[PDB]
């Protein structure tokens, strides 16, 4: 590591931390200590802890030369900051994955370097190793993988896993303005063999395919990724860019991903993009970036931007990937704020944090009005039985979807200082949206019916 570049960053973070306006800072979602966060990177389990990295620009609350930020956790709820894992050099440290080989946590990340020809950048895959979970050194002969079909300038966001005697990687690319995902494998992490174009836009699925992922869930192969360039279609794909999946089967002999190419959005909210997953103890865990490209970030003027989502557990129920908060998120609960009937026009007061489990009759409208104790911007969460939709209206911008309950008809709602996560039913319908208002959360029953409501305040689990 360049010790001057390192120490200069450590003390820049240390100094700048007191200038961060705390008003929108999350209590129990990972935020950068200062400046800008996007895509989570290198989700991994190493010497008894979960590690997560993230696309990080230290010096401003907007995007810039890409670093990898770094946190760890014992329980996927409480997270502590570590020193910055990767600093840009000739290459910007773009998104990537992590695996444990032996004594080492290995990072596989995209290096973007500048050029003088129309693209003006090229992307190749770089390696870095740590033996202590803290210090990361780049491989002397980076990049290890440069070959991309049709010499596409786009070649990024590797996700690496081990299956038998090979490491496999899926990587995002484009060709002729059509998004695609590439599959490679290696016996040794340094030498990579191109296997196949695992998928490609037939014209309707966008021009670039970011943050790909591939894993087994409910006996099927999931292909999960963040396509760019879908057009809004009725209620769907209204965010700048999308995150969603195909269901199929990866054949490890032909390297074909057999699928009907039926696309589903994972999260129906305003501010969900770019995921990581990890598997252990028979569970599959997912986390995403809790923000969106090319839209206002109300926290930006406060000297920082972006959080992670809660970690979700995944299941495949019929054709739907369900998301639920961790089995032990209940440990965040401090004060019991409400239990039992919440009459029409009755409200509950929290601090900056809330967990609300509510039930109503689905034959009648359900509506919560969420706003700061000192007033300001409103978010409404609505069940409209006339159209059979859950509707999240964030300061006038609507996200909505048809809801057919799998089983449970209750909702579980998490508020943080500037965020909302609504888990409908058994997790088949989830909305993640950044929300901003003036002061501690007040939630009012706008329904024409009494609701049953179990509500808590939640303690902090992440740094300030």
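Numbering follows the first chain given and starts at 1.
Can you tell me which stretch has the higher mean Cα B-factor, 400-408 or 27-35? The stretch with the larger average C-alpha B-factor is 27-35.
Should the higher mean CA B-factor in the entry be assigned to 414-422 or to 47-55? Going by the record's values, the stretch with the higher mean is 47-55.
Criterion, highest CA B-factor; candidates, 118, 367, 349, 313: Largest recorded C-alpha B-factor: 118.
Out of 250, 230, 82, 278, whose C-alpha atom has the biggest B factor in the entry? Checking the PDB record, the top C-alpha B-factor among 250, 230, 82, 278 is at 82.
Position of residue 219 among the chain's modelled residues by C-alpha B-factor, lowest, middle or highest third: Its C-alpha B-factor belongs to the middle third of this chain's values.
Using the B-factors in the PDB entry, rank residue 40's C-alpha atom against the chain and give the third, lowest, middle or highest. Its C-alpha B-factor belongs to the middle third of this chain's values.
Could you tell me which third, lowest, middle or highest, the C-alpha B-factor of residue 451 occupies within its chain? CA B-factor rank for residue 451: middle third.
If you rank the chain by CA B-factor, which third does residue 309 end up in: lowest, middle or highest? Lowest third, going by the recorded CA B-factors of the chain.
Which third, lowest, middle or highest, does the CA B-factor of residue 375 fall in along this chain? As the PDB entry reports it, the C-alpha B-factor of residue 375 lands in the lowest third of its chain.
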